[PDB]
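Inside the fold
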Amino acid sequence: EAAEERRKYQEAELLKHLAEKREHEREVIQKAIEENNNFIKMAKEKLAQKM
Amino acid sequence: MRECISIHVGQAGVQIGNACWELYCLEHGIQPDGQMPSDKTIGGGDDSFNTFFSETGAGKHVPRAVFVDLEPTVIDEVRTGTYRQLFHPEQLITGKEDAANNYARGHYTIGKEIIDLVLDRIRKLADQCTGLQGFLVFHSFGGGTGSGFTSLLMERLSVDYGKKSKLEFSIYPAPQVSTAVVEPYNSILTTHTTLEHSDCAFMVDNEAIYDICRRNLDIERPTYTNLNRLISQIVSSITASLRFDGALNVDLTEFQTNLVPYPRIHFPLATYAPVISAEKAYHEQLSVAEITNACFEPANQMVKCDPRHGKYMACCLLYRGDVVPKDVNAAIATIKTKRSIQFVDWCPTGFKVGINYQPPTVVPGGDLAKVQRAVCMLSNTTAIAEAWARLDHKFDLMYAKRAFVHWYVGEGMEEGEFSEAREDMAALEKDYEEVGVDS
Ligand SMILES: Nc1nc2c(ncn2[C@@H]2O[C@H](COP(=O)(O)OP(=O)(O)OP(=O)(O)O)[C@@H](O)[C@H]2O)c(=O)[nH]1
Ligand SMILES: [Ca+2]
Ligand SMILES: [Mg+2]
Ligand SMILES: [Mg+2]
């Protein structure tokens, strides 16, 4: 049982590492969304101001 | 009559177990459907062959045997083989995925899952025994199952059958016969874990069997079948005394009494002769003196080593065929004056001799020719420690770099168990040196 528990601890560390990967994946794509939207908003505001 | 249960674990133990029971049936005149015309007590009896076979009302003689492998492909060749009818389903036990050459996976990860089942099926055989002597366990040192699961089973057998004897037939790894690169690890791990649970262990080195197959059968590249049929001959020589009338090694306790003065030094060397090619038309029949002399030739030993550079604790000569005591003692007297045969000082310099008049049986169509006499010598000599030193050295090379260790720790094994195991083998090597060498 102590060896079984050691296997379980190591799997849990693993799934926790992969969970950190999934949140980084989420941060990357929401960063891309945020920057495309800020480009569009910036361009819209500069155009309005210059017109 | 007292019963013996045979247990075959992993690929090597199962495939060797197949060969032995095939041989046992031939030796006893038991047909592949389990019928035995010679047996006139239908559905019962306490003859000597009943130590290894029980009987059904239908007259079928059933091996007191269990086959266990964590993968189904090898045992499936028993289910569908030539003796399908001999065994019943409950005796063949297969898991789903094997131990991947990994002692820790066979012992901890998969072993946990399957041990209770295996023990339950063995219990069904023990319940049919009026007076169980104990177990004969066939396995490789090197496989993940043969090493890892065998050691777990032997521990649990000492629990559930504390008063029973346990004998091993262990296949010692040799690169000539496909080995995993981690077999040194597995070998040391399982010897450490099994040492105090086994009463007597016969090591068979695949290198020795392989070379005998090349040299004496002139098979250029021997198969597992070639290897296992020779091994089964030697096994049958060792177990004959349990299955036939006689007065030497008639129960498992006598093996320990006659071969093992010191419980840890319980690995007798087996030497077998003669091994004769069956495609060799006309061959002179070797005499008692010659086959007995061949028992002191390292080329005939089950483990290659040099008994001249060690000391004997015990020696049994097991003859099959046309042999009388007169010829044995003549041959022994001659051999004592020409060979280098040193016993330890605290032990009698002598030989226990057993003769069964029936000459060895060979498998029809096999590569071994019938002979009119053969002998298996079982000697407890310190020279077998050379096999431990060799294995221990390979273990050290790899462990110094922790090579492959992560496979074992990943299955829940602590690195410390490697050091535990290796230190036990170090004591073992020094026990042998104390007993058999002088400064
Ligand atoms: N003499 C002999 N040796 C065998 C046989 N099969 C395998 N071996 C040897 O046994 C060792 C490998 O262990 P195996 O018994 O095949 O493996 P296993 O116990 O089934 O364990 P895993 O497959 O790892 O689960 C190697 O040293 C092989 O050379 C056999 O039929 N006869
Ligand atoms: Ca009978
Ligand atoms: Mg296997
Ligand atoms: Mg009985």
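Residues numbered from 1 in each chain as written, not as in the entry; some residues may be left out. Chains lettered and ligands numbered in written order. Part of a larger assembly, values for the part shown. Heavy atoms only, no water.

As summarised from the PDB record, the model derives from X-ray crystallography at a stated resolution of 2.300 Å.

1. A short note on the layout of surface pockets
Residue and element names in this part refer to chain B. Considering only enclosed or pocket space, the largest pocket measures out at about 520 Å³ in volume. The wall of the largest pocket is formed by 30 residues, among which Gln11, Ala12, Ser140, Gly143 and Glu183 lie closest to the centre. Looking at the lining of the largest pocket, the elements that each hand over two or more residues are α1 (10-27), α4 (144-160) and α7 (224-243). With five residues, the single largest contributor to the lining of the largest pocket is α1. Looking at side-chain class alone, the lining of the largest pocket contains 12 nonpolar, 14 polar and four charged residues. Within this model, the second largest pocket holds a volume of roughly 420 Å³. Every residue lining the second largest pocket is counted, 18 residues in all, and those nearest its centre are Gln15, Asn18, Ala19, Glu22 and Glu77. With six residues, the single largest contributor to the lining of the second largest pocket is α1. Here the lining of the second largest pocket is built from residues that sort into eight nonpolar, seven polar and three charged. (1 Å grid on protein atoms, 1.4 Å probe; cavity = no way out; pocket = protein on both sides within 12 Å on 5 of 7 lines; lining within 4 Å. Points joined across faces, edges and corners; volume = space filled by probe spheres on them. Helix = DSSP H or I, 4+ residues; strand = E, 2+ residues; numbered from the N terminus. Nonpolar A, V, L, I, M, F, W, Y, C, P; charged D, E, K, R; others polar.)

2. Remarks on the packing of aromatic side chains
Residues and elements named next belong to chain B. Applying the stated rule across the entire model yields 21 aromatic pairs over all chains. For the ring pair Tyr262 and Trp346, a centre distance of 4.5 Å and an interplane angle of 35 degrees mean the geometry is tilted. A residue pair is termed long-range when its members are at least 10 positions apart, and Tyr262 in the loop between α8 (252-259) and β9 (269-273) and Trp346 in the loop between α10 (325-338) and β11 (352-356) qualify at 84 residues. Take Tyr262: its relative accessible area is 37%, and that puts it in the partly exposed class. An angle of 15 degrees between the planes, with centres 5.3 Å apart, marks the rings of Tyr399 and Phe418 as stacked. Taken together, the residues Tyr399 in helix α11 (residues 385-399) and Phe418 in helix α13 (residues 416-436) connect sequence positions 19 residues apart. Accessibility assignment for this pair places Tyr399 and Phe418 in one class, buried. By the ring-pair criterion, three or more aromatic residues cluster together here, those being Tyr185, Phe395, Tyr399, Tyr408 and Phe418. Over the ring of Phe52 we find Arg243, and its NZ or CZ is 5.9 Å from the ring centre. The cationic tip of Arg402 hangs over the ring face of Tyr399; the distance from NZ or CZ to the ring centre is 4.0 Å. (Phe/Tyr/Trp six-rings, centres within 6.5 Å; stacked < 30°, edge-to-face > 60°. Buried < 20%, exposed > 50% of the residue type's maximum accessible area, 1.4 Å probe, protein only. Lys NZ or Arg CZ within 6 Å of the ring centre and 35° of its normal.)

3. Thoughts on the nonpolar core
Residue and element names in this part refer to chain B. Membership of the largest hydrophobic core comes to 62 residues, with the highest contact counts inside it found for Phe87, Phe202 and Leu378. Ranked by residues supplied to this core, first place goes to α7 with seven residues. A domain-level breakdown of this core finds at least three residues from each of domain 1 (1-268) and domain 2 (269-383). Residues in contact with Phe87, not counting those within four places in the same chain, are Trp21, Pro63, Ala65, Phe67, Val78 and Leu92. By size, the runner-up hydrophobic cluster in this structure holds 38 residues, among which are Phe141, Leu189, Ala201 and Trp388. (Core = buried A, V, L, I, M, F, W, Y, C linked by side-chain atoms within 4.5 Å. Domains from an automatic or database assignment. Contact = heavy atoms within 4.5 Å.)

4. A look at the sheet that holds strand β5 (residues 92-94) of chain B
Residue and element names in this part refer to chain B. Strand order in the open sheet made by the six strands is β5-β4-β1-β6-β7-β8, with parallel pairing throughout. A strand with exactly one partner marks an edge of an open sheet, and here the two such strands are β5 and β8 (200-205). Neighbour to neighbour, the strand axes of the sheet diverge by 15 degrees on average, direction disregarded. Relative to strand β4 (residues 65-69), strand β1 (residues 4-9) is paired through four bridges, and the arrangement is parallel. Within the sheet, the bridge partner assigned to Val9 lies in β4 and is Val68. Contacts from α1 reach β1, β4, β6 (134-140) and β7 (165-172) within the one sheet, and its direction differs from that of β4 by about 150 degrees. (Pairing = 2+ DSSP bridges. Axes fitted to C-alpha atoms, helices over the stretch in contact; angles between N-to-C directions.)

5. Considering unusual backbone geometry
Residues and elements named next belong to chain B. Residue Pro274 is bonded to the preceding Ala273 through a cis peptide linkage, with omega at 0 degrees. Relative to the elements of secondary structure, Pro274 occurs in the loop between β9 and α9 (288-293). The backbone phi angle of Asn249 is positive, close to 45 degrees, even though this residue is not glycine. Examined against the element boundaries, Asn249 turns out to sit in the loop between α7 and α8. In the Ramachandran plot, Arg402 falls in the positive-phi region, its phi being about 55 degrees despite a non-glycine side chain. Topologically, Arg402 is positioned in the loop between α11 and α12 (405-409).

6. What about the sheet that holds β9(B)?
All names here are of chain B. Strand order across the open sheet formed by four strands is β9-β12-β10-β11, with mixed pairing between neighbours. Since the sheet does not close on itself, it has two edges, and those belong to β9 and β11, each with one partner. Neighbouring strand axes in the sheet, compared pairwise and without regard to direction, differ in orientation by 15 degrees on average. As paired elements, β9 and strand β12 (residues 373-381) share five bridges and run antiparallel to each other. Within the sheet, the bridge partner assigned to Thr271 lies in β12 and is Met377. Each of β10 (312-321), β11 and β12 is contacted by α8, which is oriented at about 130 degrees to β10, the strand it contacts most.

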